[PDB]
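The sequence lines fix the lettering, A, B, ..., with proteins before strands; numbering per chain opens at 1. Excluded from the calculations below are hydrogen atoms, water molecules and symmetry mates; all remaining heavy atoms, backbone and side chain alike, are included.
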Amino acid sequence: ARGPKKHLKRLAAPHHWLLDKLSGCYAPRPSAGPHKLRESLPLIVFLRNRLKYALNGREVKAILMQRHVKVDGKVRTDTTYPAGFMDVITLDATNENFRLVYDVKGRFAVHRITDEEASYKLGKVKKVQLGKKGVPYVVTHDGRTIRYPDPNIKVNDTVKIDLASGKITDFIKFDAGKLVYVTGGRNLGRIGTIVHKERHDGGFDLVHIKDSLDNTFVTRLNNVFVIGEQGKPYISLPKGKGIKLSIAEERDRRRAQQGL
Amino acid sequence: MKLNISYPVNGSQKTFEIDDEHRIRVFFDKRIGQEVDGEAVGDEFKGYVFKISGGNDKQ
Amino acid sequence: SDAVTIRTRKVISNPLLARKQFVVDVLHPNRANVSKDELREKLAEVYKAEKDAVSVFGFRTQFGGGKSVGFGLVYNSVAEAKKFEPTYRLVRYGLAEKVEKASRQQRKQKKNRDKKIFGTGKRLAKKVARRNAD
RNA sequence: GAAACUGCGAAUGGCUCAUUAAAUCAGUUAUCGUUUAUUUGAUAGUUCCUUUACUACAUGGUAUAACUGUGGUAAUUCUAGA
RNA sequence: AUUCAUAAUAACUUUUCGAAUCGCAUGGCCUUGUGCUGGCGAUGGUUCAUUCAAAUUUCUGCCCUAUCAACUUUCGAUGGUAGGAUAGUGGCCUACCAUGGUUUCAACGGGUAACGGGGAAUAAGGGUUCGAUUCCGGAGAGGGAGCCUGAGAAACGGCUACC
Ligand SMILES: [K+]
Ligand SMILES: [Mg+2]
Ligand SMILES: [Mg+2]
Ligand SMILES: [Mg+2]
Ligand SMILES: [Mg+2]
Ligand SMILES: [Mg+2]
Ligand SMILES: [Mg+2]
Ligand SMILES: [Mg+2]
Ligand SMILES: [Mg+2]
Ligand SMILES: [Mg+2]
Ligand SMILES: [Mg+2]
Ligand SMILES: [Mg+2]
Ligand SMILES: [Mg+2]
């Protein structure tokens, strides 16, 4: 009440951060940024908890302000900077890069990309609109406004950013039989190929997605994220490829690995 | 009462006590900004002209 | 000999802090525990360090004694160790000295006393001096 | 780097359950009915005195805190005159 | 789905913004000069988008009571038109007009030793009872009312008045 909140109590934090219940009363409240705080991964959570490069928040601040970590090629010394889906994190040391994608178990995963993959990213068009002076623009999911887009670009389409300059190199239309990603709902982390989409005027269009080995499911259009055509994706996939194999099947792989 | 009389061109300021309350009534029923002679105020102020800039009552 | 048999595990290079982190297990039969200074020294001649770039944590001994496990950092020099490590552990290891601060309550009380003062206060100091010397 | 001016915060947190019975709240909606500091992305070649006033843009001036001093009140994080 | 986004014409403005700001390196060309030209940032700064929000908001769902059966409406009750006011919709307020609106499918009134919920105890199944209290939402800072500064307060470790 009386104004915006500044504290995020622990157990109110998003569960996919995988914060422990003890060792703290509060959780890192992500700052205002490109991503909504529910589906954003703060740099303190990614460093201290996911990468174990820091032991405490003070060391996290020491890492951040030195101009070590650059998010999408920009330093962003904010501790709770809301890094989200498809974001590219480059580290000056160790000569390696991470992309931020979910795993099939519905949480952001440490995925290592090369430099050529780090040199770009894919985003989802939230809207296409004419601005002042009639310049058209596309708004991605990460709050990027790019002027003069291709006229064939429509809403919920995928655009490849150059990440060093605010331009689009190419795009993928929203059409049937194109490999996609899921960023919402119970299917958080899946990767599949479209079957069709239902019209459903007035709100909440529904899309039917088929997995690699025919695990057919449906989800809202809001959660869909086109990533390529049949095979040959534009983004290297994380460990798992978002398939959601059964509990008994992963039990088989675990007893295979430790039972040899 | 006491008079915080200040000469501004050199920034000098001194306090003079003026008893004989039947002579401080030249100040009476005047207000800030009203010029008053120095002759009635005192036998020391021949030709000095003052003006009221402020004050502090008892309390 | 005593045969501590100090083994380092979970070793990770962290050039982001110019240090290597690890957990360390020490096996000390018929011995209570291991001293931090001697453990830091042994880590120094293991890593060809100079006994000052080494920091240690924990060493929660198992039940019944005989084995301790704790965290450890080995740096590249004194300079980044002194810039990255906390003051309290610097005072532990003897590089720096504990700063003589007043207790927290009287520090706060003095700050609240200074809140009631506008400016330096030499004006009111000489005014109360005049009132005391009238 | 004391002080002070400026900026920002102080609307968060923390506490309590008095009020409150379609009120609050829960799930679910709408803003094609609005405000939004700050973060992130983009984003002002046009200022011709409100023209026959282009007079400094190698860059306009006022008035003040702080500080120096005179003080008043028993007293307040009171303050006035220069 | 629009009188949308935009764009064009005609004008209007206590004429809003369009850098008289700060730190490092201080290069290139000679017309060798208080010559020309230059990066890394920081704080700013109209507008759009994004984010953290907020405010209103649709549907459905609350305990006991008829020893509570009618209730609301000159003093806004329910609508219409226009205006005012607000960030904006809207009887929110005003003027004029119409006479509506709820109710035994329990309105209205009264009581609550009532903050609501996630939940807790018990539990064959079905249920019963509790939830001031860790999380979320609301409300309040002795009781009312009013208000300044601000993006955000009807703030109280802000102010003003009364008790
Ligand atoms: K009306
Ligand atoms: Mg609060
Ligand atoms: Mg109206
Ligand atoms: Mg109550
Ligand atoms: Mg409760
Ligand atoms: Mg109670
Ligand atoms: Mg609460
Ligand atoms: Mg309140
Ligand atoms: Mg009390
Ligand atoms: Mg403010
Ligand atoms: Mg109040
Ligand atoms: Mg208090
Ligand atoms: Mg408070």
* Is the count of non-hydrogen atoms from other residues, nucleotides or ligands lying under 6.0 Å from A:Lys210 atom NZ greater than 12? -> yes
* Structure fact -> Between A:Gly33 and A:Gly3, whichever has its closest RNA chain D nucleotide further toward 5' is A:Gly3
* Just checking, are the bases of E:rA20 and E:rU21 stacked by our 5.5 Å, 30° definition for the six-membered rings? -> no
* Can a side chain N or O of A:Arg29 be found less than 4.0 Å away from OP1 or OP2 on E:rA53? -> yes
* Where each residue is assigned the nucleotide of RNA chain D containing its nearest heavy atom, which of A:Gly203 and A:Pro82 is assigned the position nearer the 5′ end? -> A:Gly203
* To do: For the pair A:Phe225 and A:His141, name the ring-plane relationship: parallel under 30°, tilted 30 to 60°, perpendicular over 60°.
  => perpendicular
* Asked: Are A:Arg2 and E:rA55 close enough that a side-chain N or O sits under 4.0 Å from OP1 or OP2?
  -> no
* Does A:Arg10 make a cation-pi contact with A:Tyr26, if we ask for NZ or CZ under 6.0 Å from the ring centre and within 45° of the axis? -> no
* To do: Return no unless some side-chain N or O of C:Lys116 is found under 4.0 Å from OP1 or OP2 of D:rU77.
  => yes
* Positions of residues 7-44 of chain B (non-hydrogen atom under 4.0 Å from RNA chain E), listed by number -> none
* For E:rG158 and D:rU77, measure between their P atoms and round to the nearest Å. => 14 Å
Side-chain donor-acceptor pairs of residues 112-134 of chain C under 3.5 Å, sequence neighbours excluded:
{"unit_1": "C:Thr120", "atom_1": "OG1", "unit_2": "C:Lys122", "atom_2": "NZ", "d": "2.9"}

* Asked: So is E:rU99 sitting in a Watson-Crick or G-U wobble pair with E:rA77, both distances under 3.5 Å?
  -> yes
* State which of D:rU77, D:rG81, D:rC5 makes the closest approach to the side chain of C:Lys115. => D:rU77
* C1'-based separation of D:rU29 from E:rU133 [nearest Å] -> 33 Å
* Could you pick out which residue, A:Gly134 or A:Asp142, lies toward the 5' side of RNA chain E when each is mapped onto its nearest nucleotide? => A:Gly134
* **Rounded P spacing from D:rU51 to E:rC30 in Å** => 48 Å
* To do: Could you measure between the two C1' atoms, the one in E:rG23 and the one in D:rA42, and give it in whole Å?
  => 27 Å
* Structure fact -> Per nearest nucleotide of RNA chain E, the residue lying toward the 5' end, A:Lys5 or A:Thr140, is A:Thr140
* Structure fact -> Whole-Å distance, A:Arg38 CZ to E:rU51 P, equals 15 Å
* **Span that lies between the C1' atom of D:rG9 and that of E:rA151, in whole angstrom** => 13 Å
* Using Watson-Crick (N1 to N3, and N6-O4 or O6-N4) or G-U wobble (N1-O2, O6-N3) distances under 3.5 Å, do E:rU47 and D:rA42 pair? -> yes
